[PDB]
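Asker: This structure is in structure tokens; I'll ask about it shortly.
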Amino acid sequence: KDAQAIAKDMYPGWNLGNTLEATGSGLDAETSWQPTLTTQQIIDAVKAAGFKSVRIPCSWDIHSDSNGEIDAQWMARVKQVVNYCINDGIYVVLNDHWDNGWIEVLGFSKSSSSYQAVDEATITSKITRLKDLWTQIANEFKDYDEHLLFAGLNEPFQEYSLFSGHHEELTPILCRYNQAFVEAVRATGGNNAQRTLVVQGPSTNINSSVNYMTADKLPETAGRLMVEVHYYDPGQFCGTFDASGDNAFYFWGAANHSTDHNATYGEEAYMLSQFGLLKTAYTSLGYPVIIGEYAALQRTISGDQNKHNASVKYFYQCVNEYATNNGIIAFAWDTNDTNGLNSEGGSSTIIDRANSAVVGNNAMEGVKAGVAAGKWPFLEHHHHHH
């Protein structure tokens, strides 16, 4: 089944956050940034809640030896986690994540502390490492069917203090990396020739992506390729910046404002506009898009708790409704932080992994409502049964 075919069955998505991407060297890294060892029961709970796809952030360079070989025990563990999903018919988006910045930062600057332009030797060196890691991964997973997707990178050059203002310069480099990932995986043949692969836009940023990474620059024609961006506007509601205290947003959506801590930008019209850009650039041209991460903070607040809860619901609802309508699959960022939900600072956690249950009921209700309201657009060249 090709990208259009799987996309329509993929929404809504969920992330196994703060898990396999942690930058530890051992299998214990899985429980280093969150507490709960993944199990089949946990993944069953993700399905039971209504999610159809799981993105698995995963680090690999950090689990490699000095010759670049990925630890066999790490690889076996990632495969077990993938298999929990595949056993349930869940689609999996397995990536290479920040991974201590080996490419996310150092593919684009020669320094992690200040911006120092890379040269051809750096770029070709990073291409070769990227193809090495992806050859290993792809070969390991070669016999998995279309339920397994690979995503080559995560948030290329997202680090603002280094890369702000350099997106035009850096996007052509990212296009080379994305092409390298695709080439390496396709070369391994077998199901890997036919698997849908996911390439990332500049800073996984909508505006930069649709500007600098137009469809003619993608590494394959439409068919078995998707494009990934992330979506965290407005950051004071979503958790990326200025998101606790006086500058935080607790209320979101025209109908949900309260006494104070109201979102002042980034509400429903803004979201719709942004998602529309992705339709125009990619999904209308036969490249499904994944919003690989999004979230809102669910908090406990001293003000109007019901209005905050409604705001969280409504945000998840809008993301998933507007994504579906635009041929976009959205994946909730969830780090299994149950305690933050009981504080002003909040948490985006929906699944209580330790109890294999939903604890983020407002967010979850919103996801469900959004998916239900959405109408997936079909871009076909032949009759399908429907």
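To be explicit about the labels: the chains of the structure tokens are called A, B, and onward in the order shown, and within each one the residues are counted from 1, while ligands get numbers from 1 in the order they are shown.
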Might you pull out every residue within 8 Å of range 334-340 of chain A, with only C-alpha atoms counted and same-chain residues fewer than 5 positions away left off, and present them as a ChimeraX atom specification?

Answerer: /A:14-19,34-36,295,299,345-353,359

Asker: Could you write out that same residue set with N, CA and C atoms as a PDB file, in the first residue's frame?

Answerer:
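Written out: again-v5.pdb:
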ATOM      1  N   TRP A  14       0.009   9.476  17.839  1.00  0.00           N
ATOM      2  CA  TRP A  14       0.523   9.679  19.203  1.00  0.00           C
ATOM      3  C   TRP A  14       2.049   9.402  19.214  1.00  0.00           C
ATOM      4  N   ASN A  15       2.802  10.160  20.013  1.00  0.00           N
ATOM      5  CA  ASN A  15       4.229   9.965  20.185  1.00  0.00           C
ATOM      6  C   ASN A  15       4.577   9.213  21.470  1.00  0.00           C
ATOM      7  N   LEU A  16       5.466   8.250  21.326  1.00  0.00           N
ATOM      8  CA  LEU A  16       6.131   7.594  22.469  1.00  0.00           C
ATOM      9  C   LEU A  16       7.300   8.514  22.960  1.00  0.00           C
ATOM     10  N   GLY A  17       6.909   9.665  23.571  1.00  0.00           N
ATOM     11  CA  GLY A  17       7.827  10.714  23.856  1.00  0.00           C
ATOM     12  C   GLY A  17       8.711  10.435  25.045  1.00  0.00           C
ATOM     13  N   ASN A  18       9.857  11.051  25.051  1.00  0.00           N
ATOM     14  CA  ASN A  18      10.851  10.962  26.162  1.00  0.00           C
ATOM     15  C   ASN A  18      11.261   9.546  26.484  1.00  0.00           C
ATOM     16  N   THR A  19      11.271   8.693  25.442  1.00  0.00           N
ATOM     17  CA  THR A  19      11.460   7.279  25.603  1.00  0.00           C
ATOM     18  C   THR A  19      12.724   6.787  24.898  1.00  0.00           C
ATOM     19  N   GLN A  34      11.629   9.401  31.299  1.00  0.00           N
ATOM     20  CA  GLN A  34      10.293   9.057  31.785  1.00  0.00           C
ATOM     21  C   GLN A  34      10.374   7.710  32.461  1.00  0.00           C
ATOM     22  N   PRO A  35       9.425   7.373  33.342  1.00  0.00           N
ATOM     23  CA  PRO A  35       9.688   6.268  34.257  1.00  0.00           C
ATOM     24  C   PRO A  35       9.360   4.864  33.839  1.00  0.00           C
ATOM     25  N   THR A  36       8.520   4.724  32.840  1.00  0.00           N
ATOM     26  CA  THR A  36       7.790   3.440  32.588  1.00  0.00           C
ATOM     27  C   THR A  36       8.354   2.628  31.394  1.00  0.00           C
ATOM     28  N   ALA A 295       1.203  19.763  20.790  1.00  0.00           N
ATOM     29  CA  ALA A 295       0.694  19.522  22.180  1.00  0.00           C
ATOM     30  C   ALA A 295       0.043  20.797  22.697  1.00  0.00           C
ATOM     31  N   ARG A 299      -3.183  21.614  32.589  1.00  0.00           N
ATOM     32  CA  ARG A 299      -2.731  22.161  33.833  1.00  0.00           C
ATOM     33  C   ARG A 299      -3.795  22.071  34.900  1.00  0.00           C
ATOM     34  N   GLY A 345       2.247  24.468  35.808  1.00  0.00           N
ATOM     35  CA  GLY A 345       3.125  24.305  34.717  1.00  0.00           C
ATOM     36  C   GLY A 345       2.583  23.335  33.685  1.00  0.00           C
ATOM     37  N   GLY A 346       1.772  22.352  34.109  1.00  0.00           N
ATOM     38  CA  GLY A 346       1.110  21.443  33.192  1.00  0.00           C
ATOM     39  C   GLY A 346       1.949  20.344  32.575  1.00  0.00           C
ATOM     40  N   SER A 347       1.256  19.530  31.793  1.00  0.00           N
ATOM     41  CA  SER A 347       1.865  18.462  31.049  1.00  0.00           C
ATOM     42  C   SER A 347       0.974  18.192  29.805  1.00  0.00           C
ATOM     43  N   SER A 348       1.584  17.705  28.720  1.00  0.00           N
ATOM     44  CA  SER A 348       0.847  17.268  27.565  1.00  0.00           C
ATOM     45  C   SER A 348       0.511  15.792  27.576  1.00  0.00           C
ATOM     46  N   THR A 349       0.699  15.154  28.714  1.00  0.00           N
ATOM     47  CA  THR A 349       0.500  13.717  28.805  1.00  0.00           C
ATOM     48  C   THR A 349      -0.965  13.307  28.723  1.00  0.00           C
ATOM     49  N   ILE A 350      -1.234  12.359  27.823  1.00  0.00           N
ATOM     50  CA  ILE A 350      -2.552  11.818  27.657  1.00  0.00           C
ATOM     51  C   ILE A 350      -2.664  10.414  28.251  1.00  0.00           C
ATOM     52  N   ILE A 351      -1.630   9.580  28.015  1.00  0.00           N
ATOM     53  CA  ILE A 351      -1.605   8.203  28.470  1.00  0.00           C
ATOM     54  C   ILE A 351      -0.808   8.037  29.751  1.00  0.00           C
ATOM     55  N   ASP A 352      -1.483   7.580  30.812  1.00  0.00           N
ATOM     56  CA  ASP A 352      -0.812   7.179  32.031  1.00  0.00           C
ATOM     57  C   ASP A 352      -0.228   5.785  31.788  1.00  0.00           C
ATOM     58  N   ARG A 353       1.050   5.728  31.398  1.00  0.00           N
ATOM     59  CA  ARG A 353       1.643   4.404  31.006  1.00  0.00           C
ATOM     60  C   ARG A 353       1.722   3.446  32.115  1.00  0.00           C
ATOM     61  N   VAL A 359      -5.361   9.453  31.135  1.00  0.00           N
ATOM     62  CA  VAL A 359      -5.465  10.441  32.227  1.00  0.00           C
ATOM     63  C   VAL A 359      -5.736  11.846  31.680  1.00  0.00           C
TER      64      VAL A 359
END

Asker: Counting only C-alpha atoms, what is within 10 Å of residue 87 in chain A, bar same-chain residues fewer than 4 positions away, as a list in words?

Answerer: residues 40, 43, 44, 82 and 83 of chain A

Asker: Can you tell me, as a ChimeraX atom specification, what residues are no more than 8 Å from range 165-176 of chain A when counting only C-alpha atoms, ignoring any on the same chain fewer than 2 positions away?

Answerer: /A:108,123,127,156-157,163,178-180,201-203,208,212-213,217-219

Asker: Considering only C-alpha atoms, return as a PDB file with C-alpha atoms, in the first residue's frame whatever protein or nucleic-acid residues lie within 7 Å of residue 146 in chain A, sequence-local ones (same chain, fewer than 5 positions apart) excluded.

Answerer:
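Result file follows (part_34.pdb):
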ATOM      1  CA  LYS A   1       0.000   0.000   0.000  1.00  0.00           C
ATOM      2  CA  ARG A 195       7.752   1.526   2.323  1.00  0.00           C
ATOM      3  CA  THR A 196       6.510   5.114   2.803  1.00  0.00           C
TER       4      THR A 196
END

Asker: Just list the residues in range 38-160 of chain A DSSP gives strand (DSSP E or B) on the backbone, as a VMD selection string.

Answerer: chain A and resid 53 to 56 64 70 91 to 95 109 117 148 to 151

Asker: Keeping only N, CA and C atoms, write those residues as a short mmCIF file (atom, residue, chain, number, x, y, z; two decimals), in the first residue's frame.

Answerer:
data_model
loop_
_atom_site.label_atom_id
_atom_site.label_comp_id
_atom_site.auth_asym_id
_atom_site.auth_seq_id
_atom_site.Cartn_x
_atom_site.Cartn_y
_atom_site.Cartn_z
N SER A 53 -1.74 5.49 14.83
CA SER A 53 -0.33 5.51 14.50
C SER A 53 0.42 5.99 15.71
N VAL A 54 1.64 5.45 15.83
CA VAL A 54 2.57 5.79 16.88
C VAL A 54 3.88 6.28 16.23
N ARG A 55 4.27 7.51 16.52
CA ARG A 55 5.61 7.92 16.24
C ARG A 55 6.54 7.57 17.38
N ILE A 56 7.64 6.94 16.99
CA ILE A 56 8.69 6.54 17.92
C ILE A 56 9.93 7.28 17.70
N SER A 64 25.61 3.83 19.11
CA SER A 64 26.60 3.26 18.20
C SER A 64 28.02 3.24 18.81
N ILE A 70 25.47 0.16 15.33
CA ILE A 70 24.43 0.28 16.35
C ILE A 70 24.48 -0.99 17.21
N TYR A 91 0.17 1.84 12.80
CA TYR A 91 1.24 2.32 11.96
C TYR A 91 2.33 2.95 12.80
N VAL A 92 3.59 2.75 12.43
CA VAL A 92 4.71 3.22 13.18
C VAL A 92 5.54 4.15 12.36
N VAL A 93 5.87 5.31 12.92
CA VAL A 93 6.80 6.24 12.29
C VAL A 93 8.07 6.21 13.17
N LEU A 94 9.08 5.51 12.71
CA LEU A 94 10.32 5.30 13.46
C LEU A 94 11.30 6.31 12.89
N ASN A 95 11.86 7.14 13.75
CA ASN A 95 12.80 8.13 13.25
C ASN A 95 14.27 8.01 13.77
N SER A 109 26.07 23.30 11.47
CA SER A 109 27.10 24.20 12.03
C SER A 109 28.28 23.29 12.42
N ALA A 117 29.65 28.06 9.64
CA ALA A 117 29.08 27.48 8.42
C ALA A 117 29.84 26.18 8.12
N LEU A 148 5.06 0.05 8.80
CA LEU A 148 6.30 0.64 9.35
C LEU A 148 6.75 1.70 8.35
N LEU A 149 6.85 2.94 8.80
CA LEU A 149 7.38 4.08 8.04
C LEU A 149 8.69 4.48 8.75
N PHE A 150 9.63 5.01 7.98
CA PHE A 150 10.85 5.59 8.53
C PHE A 150 10.82 7.10 8.28
N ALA A 151 11.40 7.83 9.22
CA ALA A 151 11.57 9.33 9.17
C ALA A 151 13.05 9.62 9.41
#

Asker: Contacts of residue 228 in chain A at 7 Å or less, counting only C-alpha atoms, minus same-chain residues fewer than 2 places along, as a PyMOL selection string?

Answerer: chain A and resi 198-201+204+226+230+289-292

Asker: Between CA of residue 125 in chain A and CA of residue 113 in chain A, what is the distance in Å, rounded to a tenth?

Answerer: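 The value is 20.3 Å.
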
Asker: Please provide the set of residues having any atom within 10 Å of residue 309 in chain A, restricted to only C-alpha atoms, with same-chain residues fewer than 6 positions apart removed, written as a short mmCIF file (atom, residue, chain, number, x, y, z; two decimals) with N, CA, C and O atoms, in the first residue's frame.

Answerer:
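Output file out_18.cif follows:
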data_model
loop_
_atom_site.label_atom_id
_atom_site.label_comp_id
_atom_site.auth_asym_id
_atom_site.auth_seq_id
_atom_site.Cartn_x
_atom_site.Cartn_y
_atom_site.Cartn_z
N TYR A 250 -3.46 29.95 29.46
CA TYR A 250 -4.34 28.88 29.93
C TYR A 250 -5.58 28.69 29.10
O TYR A 250 -6.20 27.67 29.19
N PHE A 251 -5.96 29.75 28.38
CA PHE A 251 -7.23 29.75 27.66
C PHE A 251 -6.94 29.99 26.19
O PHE A 251 -6.10 30.85 25.82
N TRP A 252 -7.68 29.29 25.35
CA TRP A 252 -7.42 29.31 23.92
C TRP A 252 -8.68 29.05 23.18
O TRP A 252 -9.43 28.13 23.48
N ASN A 256 -13.41 30.68 24.58
CA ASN A 256 -12.91 30.13 25.80
C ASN A 256 -12.10 31.09 26.63
O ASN A 256 -11.47 30.66 27.60
N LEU A 297 -0.56 22.24 26.90
CA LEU A 297 -0.40 21.86 28.28
C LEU A 297 -1.74 21.75 28.99
O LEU A 297 -2.51 22.69 29.01
N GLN A 298 -1.98 20.62 29.61
CA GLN A 298 -3.10 20.43 30.51
C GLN A 298 -2.52 20.71 31.93
O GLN A 298 -1.55 20.16 32.38
N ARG A 299 -3.18 21.61 32.59
CA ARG A 299 -2.73 22.16 33.83
C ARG A 299 -3.80 22.07 34.90
O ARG A 299 -4.97 21.88 34.62
N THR A 300 -3.39 22.34 36.11
CA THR A 300 -4.26 22.61 37.24
C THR A 300 -4.00 24.07 37.63
O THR A 300 -2.84 24.48 37.93
N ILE A 301 -5.07 24.90 37.55
CA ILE A 301 -4.94 26.32 37.76
C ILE A 301 -5.84 26.87 38.81
O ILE A 301 -6.80 26.26 39.11
N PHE A 315 -8.34 22.82 21.57
CA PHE A 315 -7.09 22.82 20.82
C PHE A 315 -6.82 21.47 20.13
O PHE A 315 -6.53 21.44 18.93
N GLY A 360 -5.24 12.11 30.46
CA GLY A 360 -5.55 13.40 29.77
C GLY A 360 -6.84 13.39 29.03
O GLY A 360 -6.84 13.39 27.80
N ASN A 361 -7.96 13.44 29.76
CA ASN A 361 -9.27 13.17 29.19
C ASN A 361 -9.72 14.32 28.34
O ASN A 361 -10.39 14.12 27.35
N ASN A 362 -9.31 15.53 28.68
CA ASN A 362 -9.75 16.67 27.88
C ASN A 362 -9.10 16.67 26.49
O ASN A 362 -9.80 16.83 25.44
N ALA A 363 -7.78 16.50 26.50
CA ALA A 363 -7.01 16.34 25.24
C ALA A 363 -7.58 15.16 24.41
O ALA A 363 -7.86 15.33 23.22
#

Asker: What lies within 8 Å of residue 365 in chain A using only C-alpha atoms, ignoring chain neighbours under 4 positions off, as a ChimeraX atom specification?

Answerer: /A:313,317,361,369

Asker: Within 10 Å of range 190-194 of chain A, which residues of range 198-294 of chain A come that close, and what is the closest atom pair and distance in Å for each? Count only C-alpha atoms and give it as a Markdown table.

Answerer:
| residue | atom | partner | partner_atom | distance |
| --- | --- | --- | --- | --- |
| A:223 | CA | A:194 | CA | 9.4 |
| A:224 | CA | A:194 | CA | 6.9 |
| A:225 | CA | A:194 | CA | 9.9 |

Asker: With N, CA and C atoms retained, could you export that selection as a PDB file, in the first residue's frame?

Answerer:
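See part-v2.pdb below for the written result:
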ATOM      1  N   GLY A 223       4.143   9.435  -4.173  1.00  0.00           N
ATOM      2  CA  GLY A 223       3.741   8.028  -4.270  1.00  0.00           C
ATOM      3  C   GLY A 223       3.938   7.352  -2.921  1.00  0.00           C
ATOM      4  N   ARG A 224       5.165   7.422  -2.421  1.00  0.00           N
ATOM      5  CA  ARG A 224       5.578   6.720  -1.219  1.00  0.00           C
ATOM      6  C   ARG A 224       6.447   7.587  -0.309  1.00  0.00           C
ATOM      7  N   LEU A 225       6.094   8.874  -0.274  1.00  0.00           N
ATOM      8  CA  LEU A 225       6.805   9.884   0.511  1.00  0.00           C
ATOM      9  C   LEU A 225       5.842  10.800   1.220  1.00  0.00           C
TER      10      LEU A 225
END

Asker: Record the distance separating CA of residue 131 in chain A and CA of residue 181 in chain A, expressed in Å with one decimal.

Answerer: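 Calculated distance between CA of residue 131 in chain A and CA of residue 181 in chain A is 5.9 Å.
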
Asker: Quote the spacing between CA of residue 26 in chain A and CA of residue 57 in chain A in Å to one decimal place.

Answerer: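 These atoms are spaced 15.8 Å apart.
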
Asker: Using only C-alpha atoms, which of the listed residues (A:9, A:107, A:3, A:134) sits closest to residue 121 in chain A?

Answerer: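 Looking only at the distances to residue 121 in chain A, the closest residue turns out to be A:107.
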
Asker: Check the smallest atom-to-atom distance from each of A:10, A:364, A:72, A:162 to residue 115 in chain A using only C-alpha atoms, then report the winner.

Answerer: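 Ranked by minimum distance to residue 115 in chain A, first place goes to A:162.
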
Asker: I'd like to know which of A:343, A:80, A:154, A:128 is closest to residue 244 in chain A, using only C-alpha atoms.

Answerer: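 Selected residue with least distance to residue 244 in chain A: A:343.
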